[PDB]
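Enquirer: please find the sequence and an experimentally derived structure below.
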Amino acid sequence: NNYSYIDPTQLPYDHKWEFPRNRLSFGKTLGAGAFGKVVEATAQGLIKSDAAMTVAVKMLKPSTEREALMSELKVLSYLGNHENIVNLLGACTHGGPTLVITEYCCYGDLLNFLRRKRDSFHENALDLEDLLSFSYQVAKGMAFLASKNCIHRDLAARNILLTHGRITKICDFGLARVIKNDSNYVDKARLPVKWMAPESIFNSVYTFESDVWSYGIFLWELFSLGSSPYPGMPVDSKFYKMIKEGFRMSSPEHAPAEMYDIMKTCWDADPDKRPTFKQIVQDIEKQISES
Ligand SMILES: Cc1[nH]nc(C(=O)Nc2cnc3[nH]c(-c4ccccc4)cc3c2)c1C
């Protein structure tokens, strides 16, 4: 067909984000692993008052990773500002290695935060109300992504950062896609198998419902205070068979029955059966009201 919905992520990079490399001062390395490394930095000229502020810069080492950073930057540029997404401040794409500048989140990733706070569980401590809040905020951020026809494809506790105010922000949009034109997205690198829906493993298809499956696994990490999914189970032929057979993880220790009910429905083999992020948001909001 000669008519198509236009994908903003495919459009050329908008230079409104362009930031001079000279105005950045790199500090210590905040993280490594999946996509390059993130370094804390000081940026000047971002404020209307010309003050300097602390920012996080994502970069790669010196070619799928090169495009994934550019893809993440464009997805963020299209998404816009949201409370529950890591916010894009600027980018450096001229005269050097590509740099993506985002807001700095003090607490770091949610997975490491829940492990650090596991012993303390139940003023700086963690309790069940924090876990419900985390569930709700991430659901809100996800429901926002869906409203923009966007799929994260890598939702997990490691990809949620905690900022001041006990606010959670989703990050790491390198695998994220916009599926407006087609209802299903088909991929042809390394993937987070423990977080993937079955149709995504077996048939390589990603949808809004595959993002919901990943959300359910996230809830399992959340209410087990940062435990690894499918504990002690390597990714092998036995694991794939059990998932196809319908074997799911059991309820984490701290999770309320109602929250486990949501995990189960996120894990339904049939994508149509799974709830939407809009419905999850509603469900969690009613559960919080009962307190
Ligand atoms: C493009 C893009 N997508 N996603 C990020 C991202 O991940 N940005 C971002 C923000 N704030 C952070 N704080 C920390 C941290 C805090 C305390 C201790 C250790 C680490 C890491 C980190 C990363 C970026 C950039």
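Expert: That came through, no problem. Numbering: from 1, shown residues only.
Enquirer: so who does residue 177 touch?
Expert: Under the criterion of CB atoms under 8 Å, 6 or more residues apart in numbering, the neighbours of residue 177 are 9, 75, 150-151, 153, 185, 206. Just so you know, the C-beta spots here come from the backbone N, C-alpha and C atoms, and that holds for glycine as well.
Enquirer: go again with 7 Å.
Expert: 151, 153, 185 (CB atoms under 7 Å, 6 or more residues apart in numbering).
Enquirer: from residue 154, how far out is it?
Expert: 11 Å (CB to CB, to the nearest Å).
Enquirer: how about residue 68?
Expert: Separation of residue 68 from residue 154 (CB to CB) stands at 11 Å.
Enquirer: okay, and the beta partners of residue 150?
Expert: residue 178 (DSSP bridges).
Enquirer: shift numbering so it begins at 653
Expert: I'll keep to 653 as the first residue from here, and by that count the last item is residue 802.
Enquirer: so how many other residues sit close to it?
Expert: 22 (other CB atoms under 10 Å).
Enquirer: ok, it - contacts?
Expert: 727, 731, 828, 830.
Enquirer: let me see the ranges of the strands in the stretch 803-943 of the chain.
Expert: 812-815, 819-822, 829-830, 837-838, 857-858 (DSSP state E, counting those that start in this stretch).
Enquirer: pull the first one out as CSV, backbone CA atoms only.
Expert: It refers to strand 812-815. What follows is strand 812-815, C-alpha atoms only, in CSV (Å, rounded to 0.1, in the frame of the first residue of the first chain):
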residue,chain,number,x,y,z
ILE,A,812,13.7,1.0,36.5
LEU,A,813,15.5,3.8,38.2
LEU,A,814,14.4,5.3,41.5
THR,A,815,14.7,9.1,42.0
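Enquirer: do it and the ligand meet?
Expert: Yes - judged by CB under 6 Å from any ligand atom, strand 812-815 and the ligand are in contact via residue 813.
Enquirer: which neighbouring elements make contact with that strand?
Expert: Contact here means 3 or more CB pairs under 7 Å, 6 or more residues apart in numbering; DSSP states H and E; on that basis strand 812-815 packs against strand 760-761, helix 762-768, strand 819-822.
Enquirer: so what touches it?
Expert: Strand 812-815 is contacted by residues 738, 757-762, 765, 790, 820-823 when judged by CB under 7 Å, 6+ apart.
Enquirer: show me what from the stretch 803-943 of the chain comes close to the ligand.
Expert: 813, 823-825.
Enquirer: any idea which of the residues you listed has the most stuff around it?
Expert: When neighbours are counted by other CB under 10 Å, residue 825 leads those with 28 neighbours.
Enquirer: cheers, nothing more for now.
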